[PDB]
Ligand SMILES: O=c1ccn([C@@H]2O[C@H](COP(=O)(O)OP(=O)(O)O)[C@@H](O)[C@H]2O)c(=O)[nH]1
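One chain is shown next in structure tokens, namely the form solved without uridine-5'-diphosphate (UDP).
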């Protein structure tokens, strides 16, 4: 009985990437799940403001100021599930809902792709339910009645895992379905690709790391492969080409 309406998807971006990254996401996966997706940035934008309205959150800035903004906005929302992704992630909402239905409904859950205390790599995307997120507030807000000395020199993703494992006694539940670009993405082809919850694109150890799809867009038209993935998943989309 969990539905898509129970999920708050937060995307982190910055002004310098509005044209280069954000427009691509708005054309592709954000167009299939706009009602649940909120874009956190640091300057206004006429084009994004047009397409998103209040779904464009312009911040004027323990956790970084944008991540604190995402947590605060999620809690205000009241929704059961929080999922964080970066501006170089692709989200499959159908695969996401199927995974989230798999957890017992009254247990704390933190799910993602593990990295070394264990933490979910932020560039792969990760999800937390409301009950666990509400328990994180004292640390996540940098409040004056908990110890955050350890929190101040950790990145956002690490900080999240530390709070959950080290302060709350919880545990990361690993899933093979979340993917960063710190991963050899070429093992994921047309056959595996539809079962995945997130994909990524980017440079790591000197290699442009992308999923393996022959088309329907060329690498020159679609270097991230996100347009091609989108067309595999949603072939009814009018702007999808043949190849």
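Residue numbers count along the first chain shown, from 1.
The same protein also exists as the form solved in complex with uridine-5'-diphosphate (UDP); that form is not shown, yet it is the one meant from here on.
Take uridine-5'-diphosphate (UDP) as it sits in the deposited complex, overlay the site C-alphas onto this chain, and none of its atoms lands within 2.4 Å of the backbone or a C-beta, so the site here is open. In the deposited complex, at least one heavy atom of residue 66 sits within 4.5 Å of a heavy atom of uridine-5'-diphosphate (UDP). Although the partner is absent from this view, residue 224 stays clear of uridine-5'-diphosphate (UDP) in the deposited complex, with no non-hydrogen atom inside 4.5 angstroms. uridine-5'-diphosphate (UDP) in the deposited complex comes within 4.5 Å of no heavy atom belonging to residue 179. A residue is said to contact a partner when one of its heavy atoms sits within 4.5 Å of a partner heavy atom; residue 86 meets this definition for uridine-5'-diphosphate (UDP) in the deposited complex. Heavy atoms within 4.5 Å of uridine-5'-diphosphate (UDP) in the deposited complex belong, among the stretches 168-176, 147-155, 125-133, 86-94, to residues of 86-94.
Residues are counted as partner-facing when one of their heavy atoms sits within 4.5 Å of uridine-5'-diphosphate (UDP) in the deposited complex; in 4-40 these are 12, 13, 14, 17, 21, in sequence order.
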